[PDB]
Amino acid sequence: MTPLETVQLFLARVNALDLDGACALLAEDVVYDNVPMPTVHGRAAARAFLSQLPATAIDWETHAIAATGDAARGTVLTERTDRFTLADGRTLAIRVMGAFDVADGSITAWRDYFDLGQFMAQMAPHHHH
């Protein structure tokens, strides 16, 4: 599997709510860097972090994807809109770009760039006019 294919598979597995299968593609000591959040280290911690969002449907849409490097190793760049339906019925739609470093079908680092305030506001529950 090429770097591009590895990330395409990762995103497909996330979109099938297969979080265990997706995280299987992360390296054991993966750096998972949501740029405005604390950094996460390792597959298990990445899996646990992702489960903090109680999602019942996930639709991470890829608008553009391209890779550096070769068949074995490279960095895959993505432009996305990450949609979630939560167990309580809340819908999220977060615009994000992400870079994925892949070596031999394993994601060694994953860096997602988005705005935290937008995320936090979408997570919030006259009170106002």
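Residue positions are given as counts along the sequence shown, with the first one as 1.
Check: Are any deposited residues left out of the model between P125 and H126, and how many (none, 1 to 3, 4 to 9, 10 or more)?
Finding: Gap size class: 4 to 9 residues without coordinates, per the record.
Notebook entry, point to check: Is the mean CA B factor in the deposited entry higher across 39 to 47 or across 74 to 82?
Noted result: Mean CA B-factor is higher for 39 to 47.
Check: Looking at the entry, does 48 to 56 or 97 to 105 show the higher mean C-alpha B-factor?
Finding: Per the deposited B-factors, the answer is 48 to 56.
Note to self: Just the C-alpha B-factor column, please: which of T68, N34, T62, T91 has the biggest number?
What the structure shows: Comparing C-alpha B-factors across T68, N34, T62, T91, the top value belongs to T91.
Check: Considering only modelled residues of the same chain, in which third does the CA B-factor of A22 rank: lowest, middle or highest?
Finding: Its C-alpha B-factor belongs to the middle third of this chain's values.
Next item on the list: Name the third of the chain's ranked CA B-factors that contains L116, choosing lowest, middle or highest.
Entry: According to the entry, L116 has a C-alpha B-factor in the chain's lowest third.
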